[PDB]
Every structure is written in C-alpha cells, then in structure tokens.
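Trainee: Take this sequence and fold it.
(chains A and B)
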Amino acid sequence: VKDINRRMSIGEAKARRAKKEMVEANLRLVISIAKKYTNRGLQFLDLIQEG
DNA sequence: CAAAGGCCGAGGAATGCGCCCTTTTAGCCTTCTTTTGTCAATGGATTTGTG
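Mentor: Residues are numbered from 1 along each chain as shown, chains lettered A, B, ... in the order given. Pasting the structure now:
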C-alpha cells in the first residue's frame, strides 16, 4: 500500500508540474486579457491575479 | 551599396462591460400558541352612623 500511494503521488506530482507548465506558458494570455479592464476600479496586478 | 516601407511588438486610453440557468439565502407574510394587560363581579375587612 506504501508503493500504491507512492505511485499515486508520482502521478499527482507529474500532473501538477504539467499544470504548472501550462499556466506558466499562458500567463501572457492572462495579462493580455486583463489589460482590457485596467480602469474600472481595480489595479492592474489585481486583475492579473484574478485572471 | 542605402531607403522606403512592410512587420511585429511594447504601452496606453477608453465609446470599454455577459448570459443563461441552477441553487441556496433572506426576509416578509400569514397562522397559531402563550404571556400579558384589562373589565366586571363578589365577597370581605376598616370607616362611619347611629344613640
């Protein structure tokens, strides 16, 4: 059961690093979208973080 | 052999900005049970009437 939960953890770490790589790639997309809302009351970094 | 121009990117105002749908949450709105304030009786213990 140790090795079972271990292989589970291996899969989880792989998928998590993959999600990380995708988010890292598309941060530029998020900034490009958030630039459209920059003057409706919320600061720029807050827009980027919600995005 | 350089110049004009076509291309891409790095930076800003703003006439800029969701919709349709499911599901919970607030609160108002009625209906009912109970605590509470009220009107009337109904004697009963001092106050007065009497000589």
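Trainee: counting residues per helix, which one in chain A is longest?
Mentor: Using DSSP state H, we find that the single longest helix of chain A is helix A:2-34.
Trainee: for it, packing partners?
Mentor: In this structure, helix A:2-34 packs against helix A:44-50, with contacts taken as 3 or more CB pairs under 8 Å, 6 or more residues apart in numbering; DSSP states H and E. Quick note: C-beta positions are derived from backbone N, CA and C, even for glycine.
Trainee: ok, and for the helix it packs on, which residues are buried?
Mentor: residue A:47 (16 or more other CB atoms under 10 Å).
Trainee: For chain A, what lies in contact range of DNA strand B?
Mentor: Taking CB under 7 Å from any atom of the strand, the part of chain A that reaches DNA strand B is made up of A:35-40.
Trainee: could you redo those as TSV and give each row distance to residue A:27?
Mentor: TSV is the format used below for these (distance: CB to CB, whole Å):
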residue	distance to residue A:27
A:35	13
A:36	16
A:37	17
A:38	16
A:39	21
A:40	21
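Trainee: Name the residue of chain A that lies nearest to DNA strand B.
Mentor: Chain A approaches DNA strand B most closely through residue A:39 (3.6 Å), counting by CB to the nearest atom of the strand.
Trainee: what kind of secondary structure is that residue in?
Mentor: Secondary structure of residue A:39, reduced to three states by DSSP: H, G, I helix; E, B strand; the rest coil: coil.
Trainee: burial count for it?
Mentor: Taking other CB atoms under 10 Å as the criterion, the count of residues near residue A:39 is 7.
Trainee: which phi and psi does it have?
Mentor: Backbone torsions for residue A:39, taken as degrees, to the nearest 10, come to phi -110, psi 10.
Trainee: who touches it in this structure?
Mentor: Listed by CB atoms under 8 Å, 6 or more residues apart in numbering, residue A:39 has no contact partners.
Trainee: count of neighbours near the nearest residue to residue A:47 once chain neighbours are set aside?
Mentor: Closest residue to residue A:47 apart from its sequence neighbours, by CB to CB, 6 or more residues apart in numbering: residue A:34 at 3.8 Å. Residue A:34 sits with 18 neighbouring residues when counted by other CB under 10 Å.
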